[PDB]
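Chemist: Attaching a single structure in structure tokens format; questions to follow.
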Amino acid sequence: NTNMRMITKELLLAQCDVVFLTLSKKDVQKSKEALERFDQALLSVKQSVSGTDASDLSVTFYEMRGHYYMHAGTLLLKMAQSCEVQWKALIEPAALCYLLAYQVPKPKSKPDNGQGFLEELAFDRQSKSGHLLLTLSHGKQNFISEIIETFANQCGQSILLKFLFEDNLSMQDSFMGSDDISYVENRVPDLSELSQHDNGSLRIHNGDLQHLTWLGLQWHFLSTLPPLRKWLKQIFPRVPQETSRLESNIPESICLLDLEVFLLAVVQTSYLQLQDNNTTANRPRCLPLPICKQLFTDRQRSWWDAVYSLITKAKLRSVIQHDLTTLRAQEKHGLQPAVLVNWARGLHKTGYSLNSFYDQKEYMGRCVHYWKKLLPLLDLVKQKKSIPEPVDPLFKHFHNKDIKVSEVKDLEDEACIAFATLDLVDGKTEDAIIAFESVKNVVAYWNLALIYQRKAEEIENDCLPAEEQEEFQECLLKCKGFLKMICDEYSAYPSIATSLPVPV
């Protein structure tokens, strides 16, 4: 009875998704037929059994309403791609469809009928809809205009119904007309809620390389690094966070930082590859998960599958061992500088942000290791071949990776600052100063002033003029609008200027 009305909606949803992606219906009869059956079932269940608060039909109906609008958006984008490419007329219909799904509220009875399914489906729908609503509406003031236009009493839903089912369904009857939408308002997803929705969506995509690289790419498009450690702690719970030795290429000593580094590299290589794939001559940069093609190459897939088979278990591990040698910058690697430098900067930031001492050291140890392994190779930049890689080992790109002769100096300075900071977070506070008195950028000045303050809370007076002149240096350097410091001088400069005047 009502239970079959419950389950058929779920099965028709799975049918719609499968017919959409793997069956690769080319936006022709194949997929639109499933969508039409879905819409018919929706109107049928809504009009007759208007479930109240008590029956679960109402909450399942709400979740499938959100999912129906999401799939409407995906079908619009597929039509646009198949015909020519994502048009200028099929992103706003699609943007409105993505919005409504996120806006209908996550289902929670909180008292049998495993609400877990609806909970994780809400996780997934919100994650997807939000990531595709930010990447479509990258420019602001776009949501407000779409909300006040593409929707209206009937015209808005008419121009959204005709596209999906071309004149095979009446407007008033058996359609989306009976559903009212005017109840939705402007509310772009939050960058904190989005990360938790992704951390939840990882509950139905355990270790899917495609899904992970898609999420990584979507975060990368928003110009903020993704939270790789939460996801990697969810996927793999137990894996050690570091290793005893970085000099040994042994397969059964996988550290979580290795997988973090591998995912960083895959995300950047796939991003550059698509960037060169005639996207410069397509409005959705990343093309939602089911419609888009493979983002990683084949060797990455083989290695990740071997790693997953090792972790979550006559095993041939030559791929593990070979790419581990590649990963730890060991005996002989084909990767050029662009990859090592990205690795080092990422580990640097991720470690420095955190507070736990046994975590900052770990991030600074791996960071200094990568910079010191870059040290000799970047020296081979004297009108010389970097590394002959006629074959592509794992990550080989050109016209980007090649570090020109000029930029060497800055990487040297960053490596020295990494050395100083590593030793400063170990307790050798004197040679920390020693090393910080060679590089002459603003990071050095700020770190020196900070160590002067901490060591000398209530020690001496004349050590304060050290802080005085170093923050005067940083003042002149602020005069040039230099925002390179981790905390902007709006906060450091005022506090230090105050402390200097108060001590005076």
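Chemist: Which condition does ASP323 not pass, out of (1) surrounded by fewer than 20 Cβ atoms within 10 Å (Cβ to Cβ); (2) of a type in the set (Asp, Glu); (3) not in a loop (DSSP other than H, G, I, E, B), if it passes all the others?
Modeler: Checking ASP323 against (1) surrounded by fewer than 20 Cβ atoms within 10 Å (Cβ to Cβ); (2) of a type in the set (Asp, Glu); (3) not in a loop (DSSP other than H, G, I, E, B), the one that fails is (1).
Chemist: Follow-up question, since we're still on this one. Give me the residue from segment 194-222 that is among the hydroxyl-bearing types (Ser, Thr, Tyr) and under 9 Å from the mean Cα position of the chain (by Cα) and, out of that set, farthest from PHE117 (Cα to Cα).
Modeler: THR213
Chemist: Also, I was wondering about something else. Would a scan of segment 163-173 turn up a residue that is more than 30 Å from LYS230 (Cβ to Cβ) and under 34 Å from the mean Cα position of the chain (by Cα)?
Modeler: So far as segment 163-173 goes, yes, one or more of its residues are more than 30 Å from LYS230 (Cβ to Cβ) and under 34 Å from the mean Cα position of the chain (by Cα).
Chemist: Can you confirm whether segment 74-96 contains a residue that is over 22 Å from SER182 (Cβ atoms), charged (D, E, K, R), surrounded by 22 or more Cβ atoms within 10 Å (Cβ to Cβ) and not assigned by TED's automatic domain parsing to the domain that holds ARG285?
Modeler: Within segment 74-96, one or more residues are over 22 Å from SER182 (Cβ atoms), charged (D, E, K, R), surrounded by 22 or more Cβ atoms within 10 Å (Cβ to Cβ) and not assigned by TED's automatic domain parsing to the domain that holds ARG285.
Chemist: Identify the single condition in (1) closer than 23 Å to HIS205 by Cβ; (2) crowded, with 24+ Cβ neighbours inside 10 Å; (3) more than 23 Å from the chain's Cα centre (by Cα) that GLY116 does not satisfy, given that it satisfies every other one.
Modeler: Answer for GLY116: the failing condition is (2).
Chemist: Among the residues of segment 182-227, what is the count of those that are crowded, with 19+ Cβ neighbours inside 10 Å and closer than 30 Å to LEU43 by Cα?
Modeler: Result for segment 182-227: 2.
Chemist: Could you please find all residues in segment 1-54 being small (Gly, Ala, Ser), in a helix (DSSP H, G or I) and surrounded by 15 or more Cβ atoms within 10 Å (Cβ to Cβ)?
Modeler: The answer is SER31, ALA34, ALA41.
Chemist: With the requirement that a residue be within 21 Å of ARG328 (Cβ to Cβ), among the hydrophobic types (A, V, I, L, M, F, W, C) and part of a helix (DSSP H, G or I), what does segment 236-286 give you?
Modeler: Within segment 236-286, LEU256, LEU257, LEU259, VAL261, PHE262, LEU263, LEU264, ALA265, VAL266, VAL267 meet the criteria.
Chemist: List every residue pair whose Cβ atoms sit under 9 Å apart, with the two residues 6 or more apart in sequence or on different chains, where the first one lies in segment 207-234 and is under 15 Å from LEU347 (Cα atoms) and the second, anywhere, is part of a helix (DSSP H, G or I) and of a type in the set (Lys, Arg).
Modeler: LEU225/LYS349
Chemist: Sticking with this structure for a sec: Taking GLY334 and the conditions (1) small (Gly, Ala, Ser); (2) part of a helix (DSSP H, G or I); (3) surrounded by fewer than 22 Cβ atoms within 10 Å (Cβ to Cβ), which numbered condition does it fall short on, given that it satisfies the others?
Modeler: (2)
Chemist: Can you name the number of the only condition in (1) over 30 Å from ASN447 (Cα atoms); (2) over 21 Å from the mean Cα position of the chain (by Cα); (3) assigned to a helix (DSSP H, G or I) that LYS373 fails?
Modeler: For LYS373, the exception is condition (1).
Numbers and lists here come from the model and the stated rules, or from a named source; no laboratory read-out is quoted. When we count neighbours, we look across all protein chains shown, and the Cβ atoms used for this are built from the backbone with ideal geometry, even at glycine.
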